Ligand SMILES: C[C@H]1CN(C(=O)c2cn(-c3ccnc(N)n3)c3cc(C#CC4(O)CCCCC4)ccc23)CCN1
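Shown next as structure tokens: one chain only, the form solved without this ligand.
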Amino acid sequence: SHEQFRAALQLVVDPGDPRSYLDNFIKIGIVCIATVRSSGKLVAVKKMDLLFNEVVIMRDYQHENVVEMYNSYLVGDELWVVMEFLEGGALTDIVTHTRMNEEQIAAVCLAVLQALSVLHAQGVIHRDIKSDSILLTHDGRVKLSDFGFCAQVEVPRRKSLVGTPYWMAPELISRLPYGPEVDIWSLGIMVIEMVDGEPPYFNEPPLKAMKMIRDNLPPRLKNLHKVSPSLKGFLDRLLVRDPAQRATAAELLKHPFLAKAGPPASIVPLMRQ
């Protein structure tokens, strides 16, 4: 915190306020929810009073798979963010108790990939890809959340120590320069999550795990006993230790595993329980 580091802040932010059109607020828990007098839509804000990276970077972007960040303001020492609110939860409330299928799995994967595919050419990297950063509509539509760790990359390589260890890239843990390909390794660990329910080494304290991520072969499935050879095949391309022999998002859409993705509706009954 500092009011000079908040100097390059205010500028990149709309002025005025939201409660000129928006009004019927209510603390819900996240913070608030208002209404649009023009239509009646409600929004959910997250108030406050680096992190630089969400505001500037993603204020220039919008995808149907990314919770839309509408507008940004502050009164005094307090930032107001209008945001696309959804009721439908995170994939973590699902993976942890029941066992998904390839149709549901395939749908979370390509959904996640539809985002990455444009976020990446656009020169940005999530850096915290895991089930926990995925949100769902009540209807069963799939989106990518939580860009509290992102950054904009001449400068095509990066090396900042960030994310969540059990999902991290070896090149990233190993302090070898990486690119967006890290986001690609993370998907596979989220895949292990969808099949077995947990990320590898999750029994371990994070740091030693980061060693075991560091110097063991790519992680293998404990299930497999109910695993179509196609999920292996897809899985088998994303868990590459050599960053360069690792498959690309552009490649993965063309993958036959993805013939099995289901509609939103096909996903709905997982949250229903």
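Here the rigid core means the biggest group of C-alpha atoms that line up within 1.5 Å when the two forms are laid on top of each other. Heads up: residue numbers just count along the shown sequence, starting at 1.
Omitted here: the form deposited with this ligand bound. The next part is about that form.
Each of 54, 81 and 147 places at least one heavy atom within 4.5 Å of this ligand in the deposited complex.
Listed stretches are 240 to 248, 39 to 47, 227 to 235, 203 to 211; the contact stretch with this ligand in the deposited complex is 39 to 47, by a heavy atom cutoff of 4.5 Å. The closest non-hydrogen atom of residue 135 lies within 4.5 Å of this ligand in the deposited complex.
Within 4.5 Å of some heavy atom of this ligand in the deposited complex lies at least one heavy atom of residue 69. In the deposited complex, residue 26 stays away from this ligand, with no heavy atom inside 4.5 Å. Put simply, residue 86 is close to this ligand in the deposited complex: some heavy atom of it is within 4.5 Å. Of the residues checked (71, 145, 137, 117), the rigid-core alignment between the shown form and the other one shows a Cα shift of at least 2 Å for 71 alone. Core-aligned CA deviation for residue 261 between the shown form and the other one: less than 2 Å.
Comparing the forms between the shown form and the other one, the C-alpha position of residue 216 differs by less than 2 angstroms, with the core used for superposition. Relative to the superposed core, residue 40 shifts its CA atom by 2 Å or more between the shown form and the other one.
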